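In this analysis, Cβ positions are derived from the backbone assuming ideal geometry, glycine residues included, and neighbour counts consider all displayed protein chains. Every number in this text was worked out from the coordinates using simple rules, so none of it is lab data.
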Number of protein chains: 2
Amino acid sequence: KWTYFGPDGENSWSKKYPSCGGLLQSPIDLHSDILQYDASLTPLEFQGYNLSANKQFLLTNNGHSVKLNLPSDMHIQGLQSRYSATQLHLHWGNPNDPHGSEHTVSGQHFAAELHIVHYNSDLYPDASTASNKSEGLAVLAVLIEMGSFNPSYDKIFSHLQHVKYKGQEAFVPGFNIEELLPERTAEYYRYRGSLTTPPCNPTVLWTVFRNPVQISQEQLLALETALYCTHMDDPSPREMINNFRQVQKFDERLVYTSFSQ
Amino acid sequence: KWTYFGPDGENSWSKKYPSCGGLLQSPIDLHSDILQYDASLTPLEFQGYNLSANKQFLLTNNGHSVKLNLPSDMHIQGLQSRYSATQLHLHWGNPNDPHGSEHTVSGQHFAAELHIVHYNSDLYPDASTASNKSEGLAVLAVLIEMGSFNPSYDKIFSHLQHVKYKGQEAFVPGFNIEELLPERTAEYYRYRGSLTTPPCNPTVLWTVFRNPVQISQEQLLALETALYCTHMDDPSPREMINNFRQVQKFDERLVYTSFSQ
Ligand SMILES: CCCSc1c(F)c(F)c(S(N)(=O)=O)c(F)c1F
Ligand SMILES: CCCSc1c(F)c(F)c(S(N)(=O)=O)c(F)c1F
Ligand SMILES: [Zn+2]
Ligand SMILES: [Zn+2]
């Protein structure tokens, strides 16, 4: 299958996933020349993010990232349709170059990036059906930098020990996913783009929050060193690192901002 | 018929040109995490760069860039073989976004980039042979920023309305090519990489000078509006703009610097 390195890496995804060589590809560099304040971009409302402490949510190593399944009563309010959550996951670099966000800001990577994936549940029955359809998906992106310890991110990272290898699964008790969001969620970048992984469908409404979150140096190192892409029994193990796509060309287009200041 | 934009752009190159999806791809972002000083990287000497003004050298629009043919008596001294020149060419952006270098430094693009292409003439009889052999080619890269008018670059640019279309050829009087190089050529980045266009062979020893040169806004605009990828009779003309590849992953690779600091 597809990978982020070697022969099956991102320059080859378009052979078997043609949309990876098509229009509206993500991620992109967010830089001042292409930003345009749009007073119409009002705050999102995060509904059902306070997950029941009494419910468990499936965490998976899928060989590409670590993903947490989310329930479809969790949703964003504010967009043209209701977009219901389906999963969250992360992208990161490696300890020798700990700059593995997908989006960049003025050419600079952040340490990592969290994506909370939602689908248009007013139009489609599930995310897998929505993903290749018009208006199918909305992703929230949180940029992550090393700083202070983050107890909320640790509600996910304390389980990394149990999803070390591809295919492994663990259960995470519900917690308030809004705790993973940064300060001043009113401030964000917005643009139409794509999945950043195969099949790269150009069906994502992106919201990248302006302000990053922090996690400690030990948390970032844990994220970068805890997982493998490969199955446990693989005689040639591969660490799960550098699981981000390079930025894409983005020309004659704008990213709209909810902030002018 | 590869291009820099649209269906046949760079995410699709690897469909026809397998090395574009292979190892050792160029260009790259030059940033601190991947740099290491190497005291062995001693100064290059540029020999036979002062081309006779009474001779002329062929300028050709090859559908992807503009190239100036260079004589094989022009060479670099200081590498492990003699590398003789074959051609130079440029990469650039567009009038509304004059940010088209290939290499970036700490996430920033420069306005344009000059490549002076050499081949190992000790080992091979011509650059096309050398180009499919490891370390067969050595390319010098000069980063170009918007700044003062540059008379020396204008010795090339003044001939562009004469090679606007694919297949057209002009003659440029000899001049001193060293005038295209920046200050303190002793300061450079060195790494093993590839051609930045199809067929992307991983056969280039790159030298990117630390210091940029300047050309004016007017020179950039001329460059960015002069040229077409297509023939003069093509009913579907395409402007030669934005002819730079995105930066490539470079992990496990290190870039060696002839400067500490
Ligand atoms: C079918 C529903 C989830 S698949 C998926 C995905 F894996 C992503 F990485 C992304 S990403 N990285 O673009 O957020 C995504 F948007 C997705 F939709
Ligand atoms: C002998 C090789 C002919 S094709 C070629 C080239 F000459 C370059 F200089 C480059 S560059 N841009 O790497 O200098 C390139 F990409 C090419 F594909
Ligand atoms: Zn993602
Ligand atoms: Zn070039």
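Regarding the stretch B:214-227, can at least one residue be identified that is in a loop (DSSP other than H, G, I, E, B), within 29 Å of residue B:34 (Cα to Cα) and not acidic (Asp, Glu)?
no
Let me spell it out: the conditions are (1) closer than 30 Å to residue A:108 by Cβ; (2) within 14 Å of the chain's Cα centre (by Cα); (3) away from ligand 4 (no atom under 14 Å from the Cβ), and residue B:96 meets all of them except one. Which number is the exception?
(2)
Output the residues belonging to the stretch A:87-139 that are crowded, with 23+ Cβ neighbours inside 10 Å and of a type in the set (S, T, N, Q).
Answer for the stretch A:87-139, where residues must be crowded, with 23+ Cβ neighbours inside 10 Å and of a type in the set (S, T, N, Q): A:101, A:120.
So that you can scan it fast, the table gives a plain yes or no per residue for (1) within 14 Å of chain A (Cβ to nearest Cβ); (2) of a type in the set (A, V, I, L, M, F, W, C); (3) under 16 Å from residue B:69 (Cβ atoms); (4) touching a strand residue (DSSP E or B) at 6+ places or on another chain (Cβ under 7 Å):
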position: B:85; (1), (2), (3), (4): no, yes, yes, yes
position: B:106; (1), (2), (3), (4): yes, no, no, no
position: B:110; (1), (2), (3), (4): yes, yes, no, yes
position: B:114; (1), (2), (3), (4): no, yes, yes, yes
position: B:128; (1), (2), (3), (4): no, no, yes, no
position: B:144; (1), (2), (3), (4): no, yes, no, yes
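With the structure loaded, tell me whether residue B:152 is surrounded by fewer than 20 Cβ atoms within 10 Å (Cβ to Cβ) and in a helix (DSSP H, G or I) or whether it fails that test.
yes
Could you list, in sequence order, the residues of the stretch A:223-244 that are surrounded by 16 or more Cβ atoms within 10 Å (Cβ to Cβ) and out of contact with any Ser or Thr (no Cβ under 9 Å at 6 or more places or on another chain)?
A:223, A:224, A:226, A:228, A:242
Looking at the structure I just gave you, is residue B:179 out of contact with any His (no Cβ under 7 Å at 6 or more places or on another chain), assigned to a helix (DSSP H, G or I) and within 17 Å of residue B:140 (Cβ to Cβ)?
Considered against the rule, which asks whether it is out of contact with any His (no Cβ under 7 Å at 6 or more places or on another chain), assigned to a helix (DSSP H, G or I) and within 17 Å of residue B:140 (Cβ to Cβ), residue B:179 comes out as yes.
Based on what the data block shows, is residue B:211 in a loop (DSSP other than H, G, I, E, B), within 29 Å of residue B:6 (Cα to Cα) and polar (S, T, N, Q)?
So residue B:211 fails the test.
Please tell me if residue B:194 is within 14 Å of chain A (Cβ to nearest Cβ), among the small types (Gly, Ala, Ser) and crowded, with 22+ Cβ neighbours inside 10 Å.
Details: within 14 Å of chain A (Cβ to nearest Cβ): yes; among the small types (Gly, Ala, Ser): yes; crowded, with 22+ Cβ neighbours inside 10 Å: yes.
Criteria met by residue B:194.
Can you find, within the stretch A:233-258, the residue that is farthest from the other protein chains (Cβ to nearest Cβ) among those that are closer than 21 Å to residue A:91 by Cα and among the aliphatic types (A, V, I, L, M)?
Per the stated criteria, the residue is A:240.
Among the residues that make up the stretch A:121-134, is at least one of them within 14 Å of ligand 3 (Cβ to nearest atom), over 20 Å from residue A:245 (Cα atoms) and under 17 Å from the mean Cα position of the chain (by Cα)?
yes
Would you check if residue A:81 is more than 10 Å from ligand 1 (Cβ to nearest atom), on the phi < 0 side of the Ramachandran plot, assigned to a loop (DSSP other than H, G, I, E, B) and away from chain B (no Cβ under 14 Å)?
yes
Just to be sure before I move on: is residue B:73 at negative phi, part of a loop (DSSP other than H, G, I, E, B) and surrounded by fewer than 18 Cβ atoms within 10 Å (Cβ to Cβ) in the structure I sent? I'd like the intermediate steps shown before the answer.
Working: at negative phi: yes; part of a loop (DSSP other than H, G, I, E, B): yes; surrounded by fewer than 18 Cβ atoms within 10 Å (Cβ to Cβ): yes.
So residue B:73 passes the test.
Would you check if residue A:52 is within 16 Å of ligand 1 (Cβ to nearest atom), away from chain B (no Cβ under 14 Å) and closer than 19 Å to residue A:175 by Cβ?
The answer is no for residue A:52.
When you check residue B:198 against the structure, is it assigned to a loop (DSSP other than H, G, I, E, B), touching a helix residue (DSSP H, G or I) at 6+ places or on another chain (Cβ under 7 Å) and over 23 Å from residue B:76 (Cβ atoms), yes or no?
Here the answer is yes, as residue B:198 does meet what is asked.
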